[PDB]
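*Asks:* In the order they appear, the protein sequences are chains A and A'. A prime marks a further copy of an entry chain.
Everything in the first sequence is counted per the authors' numbering, starting at 1 for the first residue and increasing by one.
Everything in the second sequence is counted per the authors' numbering, starting at 1 for the first residue and increasing by one.
Take a look at the following structure, please.
2 protein chains.
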Amino acid sequence: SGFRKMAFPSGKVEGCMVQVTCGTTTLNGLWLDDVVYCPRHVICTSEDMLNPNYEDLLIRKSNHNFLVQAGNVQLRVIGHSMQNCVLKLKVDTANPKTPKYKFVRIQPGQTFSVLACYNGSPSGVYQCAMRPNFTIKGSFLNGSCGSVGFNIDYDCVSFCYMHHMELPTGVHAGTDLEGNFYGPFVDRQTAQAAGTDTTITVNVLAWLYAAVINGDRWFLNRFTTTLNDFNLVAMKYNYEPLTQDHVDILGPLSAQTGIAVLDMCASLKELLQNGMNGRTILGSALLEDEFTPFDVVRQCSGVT
Amino acid sequence: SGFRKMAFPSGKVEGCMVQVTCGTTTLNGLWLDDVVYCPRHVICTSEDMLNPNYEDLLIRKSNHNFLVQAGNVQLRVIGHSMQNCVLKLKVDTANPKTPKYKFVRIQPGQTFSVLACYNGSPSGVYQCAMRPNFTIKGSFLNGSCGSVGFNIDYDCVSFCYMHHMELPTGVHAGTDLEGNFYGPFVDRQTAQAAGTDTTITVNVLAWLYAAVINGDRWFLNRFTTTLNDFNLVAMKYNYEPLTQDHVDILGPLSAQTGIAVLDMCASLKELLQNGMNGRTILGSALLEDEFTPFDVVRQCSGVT
Ligand SMILES: *CC(=O)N1CCN(C(=O)c2cccs2)CC1
Ligand SMILES: *CC(=O)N1CCN(C(=O)c2cccs2)CC1
Numbered sequence: 001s002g003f004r005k006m007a008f009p010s011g012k013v014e015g016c017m018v019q020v021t022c023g024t025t026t027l028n029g030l031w032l033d034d035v036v037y038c039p040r041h042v043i044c045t046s047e048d049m050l051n052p053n054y055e056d057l058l059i060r061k062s063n064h065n066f067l068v069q070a071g072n073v074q075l076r077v078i079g080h081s082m083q084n085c086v087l088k089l090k091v092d093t094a095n096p097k098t099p100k101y102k103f104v105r106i107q108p109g110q111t112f113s114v115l116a117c118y119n120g121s122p123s124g125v126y127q128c129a130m131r132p133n134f135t136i137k138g139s140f141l142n143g144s145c146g147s148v149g150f151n152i153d154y155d156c157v158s159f160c161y162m163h164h165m166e167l168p169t170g171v172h173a174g175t176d177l178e179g180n181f182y183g184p185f186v187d188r189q190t191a192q193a194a195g196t197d198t199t200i201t202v203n204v205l206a207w208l209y210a211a212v213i214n215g216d217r218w219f220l221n222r223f224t225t226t227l228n229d230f231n232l233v234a235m236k237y238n239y240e241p242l243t244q245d246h247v248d249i250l251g252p253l254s255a256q257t258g259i260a261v262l263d264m265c266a267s268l269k270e271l272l273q274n275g276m277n278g279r280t281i282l283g284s285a286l287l288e289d290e291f292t293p294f295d296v297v298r299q300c301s302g303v304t
Numbered sequence: 001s002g003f004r005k006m007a008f009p010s011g012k013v014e015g016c017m018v019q020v021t022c023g024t025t026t027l028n029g030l031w032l033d034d035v036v037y038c039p040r041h042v043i044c045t046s047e048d049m050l051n052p053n054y055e056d057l058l059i060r061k062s063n064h065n066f067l068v069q070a071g072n073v074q075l076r077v078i079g080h081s082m083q084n085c086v087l088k089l090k091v092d093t094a095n096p097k098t099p100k101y102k103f104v105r106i107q108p109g110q111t112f113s114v115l116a117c118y119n120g121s122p123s124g125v126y127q128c129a130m131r132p133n134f135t136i137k138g139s140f141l142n143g144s145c146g147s148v149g150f151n152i153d154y155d156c157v158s159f160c161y162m163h164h165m166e167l168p169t170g171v172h173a174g175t176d177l178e179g180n181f182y183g184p185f186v187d188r189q190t191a192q193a194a195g196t197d198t199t200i201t202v203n204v205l206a207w208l209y210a211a212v213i214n215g216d217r218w219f220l221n222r223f224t225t226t227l228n229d230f231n232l233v234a235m236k237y238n239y240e241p242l243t244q245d246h247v248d249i250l251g252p253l254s255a256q257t258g259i260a261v262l263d264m265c266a267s268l269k270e271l272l273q274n275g276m277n278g279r280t281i282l283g284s285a286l287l288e289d290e291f292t293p294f295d296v297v298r299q300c301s302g303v304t
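Put into structure tokens, the structure is as follows:
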């Protein structure tokens, strides 16, 4: 019993982290097979970052300008190319620790683990979600760029995020491993405001199921609702609209607890309208939305 | 910027996790050098757990009764002994992945990372604290026993916890790696109630400093207080008494922010007396107490 914000074990990703230096800019890269992936802004001076022309900046860079260090051992760069907002540095050595891996582009509301790194060295691991506004709420200092987000399915690491940007509001923006930003963000030091950070309704419901499974039941009520009625309330509280697809995804947690999804929706509706009244659910005073239904099932079943 | 509940990178500990089976009981063990550490209740039948005599139960066990599997490879057990509530299984092979390590017994209020494992296989990593009542609030299903808690100082893993017990209230009890329980708990299926789960005041103050550093400042007020005045309020709210040692430990965060510790105490006093009024601090609606001053400095400075 007990329910924690849990990250994937980071070892498979720790084995992939390197340092990339271009001129005086040092950040992290991801070494898979004989390719090192890193943010293209590694080539920028702070001057450059105001209005960078990456294709023009890259013309001044050669293979020998990209210094790639794995632990205290230098890697030989034999090629480089820009794909969207990432550089791919071809090296002469396959990473001997390359795990089975995929590159996936996640949807808003999907969760992933971040291995925060500085100078190619892991500092910590934590759980994030792709927010509905395509930001993430991370912990990233200068030098953390090139840190990656991932999911693990048994032995296969699915890389979904690479860190690039902090907005002036202290939230984070990045790319998939093909170098495409999540949302409308650009790797330029310009006016970029995030949209509404809506609550991921299906995740909250998943976490309310987690709470019931773990003995926290005070918020269960005598009510039900409909998707349309619930959605009127979601709208008012800046919750994502709940779809039948979300109901279907919650089916297994419905089955295990015997609480109909729409009954749990009616519990969530009363919590929105009435607040917590100074009570907690799984040690939280607010409604947690960075556990997916898949996360709740995984953690409640002990998947490895 | 941003502040997250962050675990140590787990790779060094992943490399130490094995499966231990005795009869039909399977749990986890920690393989360091040529010793595998595991909870002594691996020798119990569910029957045994009501009033186990471990010395008597152990007489019926031989080296060949302890099945130790590292991945899909069996380890040869050449010796076994009981130290307090752990078994030490001597194996014929040193763990080639043994990190630099220490065994430390932590104090209440100290935080650590847990690598939750099932059948010697890592499922997830999360951050815990030794509670003032010597419980931890973990996420542990059947088969998770022998999972360990740790801190890392650069390249040295300090193991501080091994999971043994869930209390009927859904909180967790375990040992250091010498097999001594934290608090008054015993490895027996008996009436064991936890004491008051008091809030770790020095951790809350650390986390309020983290909040200021990360732009969350609405709770800063025009007041100060004294340790004695603050402690009257701590007592009333089941907070740990604040000592001059706690003030000294918060000195570096005081210095960096320019907020005197006793001024931050007066902010914490108003938050206790007035509540949050539906506001949040670093995405939390309650006062977070599982970051140590050392954790806040580490995460705010980017230590690897
Ligand atoms: C996330 C991270 O490490 N960084 C550092 C790089 N950065 C910059 O502002 C600059 C890029 C090149 C020169 S200065 C973005 C954030
Ligand atoms: C934490 C954990 O994995 N366990 C499983 C073992 N256990 C028992 O109740 C039994 C011990 C031996 C037979 S049954 C404690 C919790």
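The beta-carbon is built from N, C-alpha and C at its ideal position, and this holds for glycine as well.
1) Going along the chain, which residues of the region 112-123 of chain A sit with their C-beta nearer than 9 Å to a C-beta in chain A'?
2) Would you please verify whether the beta carbon of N214(A) is less than 8 Å from any beta carbon of chain A'?
3) Taking 7 Å as the limit between beta carbons, can you name the residues of its chain near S254(A'), skipping five residues before and five after?
4) Measure the alpha-carbon distance for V18(A) versus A70(A) and round it to whole angstroms.
5) Just the C-alpha distance for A129(A') and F181(A'), rounded to the nearest angstrom, thanks.
6) Run through DSSP, which three-state label would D153(A) get?
7) Strictly by DSSP, which residues pair up with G124(A')?
8) Taking beta-carbon pairs under 9 Å, can you tell me which members of the region 275-288 of chain A' lie near chain A?
9) Going along the region 36-50 of chain A' in order, which residues come within less than 7 Å of chain A, judged by CB to CB distance?
10) According to the Cβ coordinates, are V202(A) and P132(A) closer than 8 Å?
11) Please list the partners that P9(A) has in chain A', where partner means a Cβ-to-Cβ separation under 8 Å.
12) For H172(A), which beta-bridge partners are listed by DSSP?
13) Would you please state the rounded distance, in angstroms, between the beta carbons of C117(A) and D187(A)? I believe it to be under 8 Å.
14) Using only CA atoms, which one of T26(A), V73(A) and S123(A) lies nearest to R4(A')?
15) Would you say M6(A') lies against chain A (beta-carbon separation less than 8 Å)?
16) Any heavy atom of ligand 2 closer than 7 Å to the beta-carbon of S301(A)?
17) Using the C-alpha atoms, what's the distance from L50(A') back to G2(A)?
18) Output needed for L242(A): all residues of its chain with C-beta closer than 8 Å, excluding positions within five of it in sequence on either side, in chain order.
19) Just mark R40(A') as buried or exposed, buried being the case when its beta carbon has 16 or more other beta carbons within 10 Å.
20) Check each candidate in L272(A), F219(A), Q244(A) and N151(A) and name the one with the smallest Cα separation from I281(A).
21) Verify the CB distance criterion: does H172(A) have a CB-CB separation below 8 Å to chain A'?
22) Taking contact to mean 3 or more Cβ pairs, one atom from each stretch, closer than 8 Å, check whether the region 155-174 of chain A' and the region 92-104 of chain A' are in contact.
23) Look at the Cβ atom of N95(A), then the Cβ atom of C145(A), and state whether they are nearer than 8 Å.
24) Below 7 Å between beta carbons is the criterion; list the residues of the region 181-199 of chain A' that meet it against any residue of chain A, in chain order.
*Replies:* On the basis of the data shown:
1) Correct list: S113, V114, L115, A116, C117, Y118, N119, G120, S121, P122 and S123.
2) Answer yes: the Cβ-Cβ gap between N214(A) and chain A' drops below 8 Å somewhere.
3) The answer, listed in chain order, is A260 and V261.
4) C-alpha separation (whole angstroms): 5 Å.
5) Distance between the alpha carbons of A129(A') and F181(A'): 15 Å.
6) Reduced to three states, the DSSP call for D153(A) is strand.
7) In DSSP, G124(A') forms a bridge with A116(A').
8) Of all residues in the region 275-288 of chain A', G275, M276, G278, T280, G283, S284, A285 and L286 have a Cβ within less than 9 Å of some Cβ in chain A.
9) Under the 7 Å Cβ criterion, the region 36-50 of chain A' contributes no residue.
10) With contacts defined as CB atoms closer than 8 Å, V202(A) and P132(A) fail to qualify as a contacting pair.
11) Taking a Cβ-Cβ cut-off of 8 Å, the neighbours of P9(A) in chain A' comprise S10, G11, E14, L115, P122, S123, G124 and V125, given in sequence order.
12) BP columns for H172(A) point to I136(A) and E166(A).
13) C117(A) to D187(A), Cβ: 18 Å. No contact.
14) Among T26(A), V73(A) and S123(A), the Cα nearest to that of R4(A') belongs to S123(A).
15) So, interface residue.
16) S301(A): no, Cβ never under 7 Å from ligand 2.
17) Approximately 23 Å between the Cα atoms of the pair.
18) Within the same chain, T201, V202, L205, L227, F230, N231, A234 and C265 come within 8 Å of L242(A) by CB-CB distance, once the 5 residues on both sides are set aside.
19) Flag for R40(A') reads buried.
20) Looking at the Cα atoms, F219(A) is the closest of the given residues.
21) Output row for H172(A): interface = yes.
22) At 8 Å Cβ cutoff, the stretches touch.
23) For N95(A) and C145(A), no; Cβs fall outside 8 Å.
24) Going along the region 181-199 of chain A' in chain order, one finds no residue with a Cβ nearer than 7 Å to chain A.
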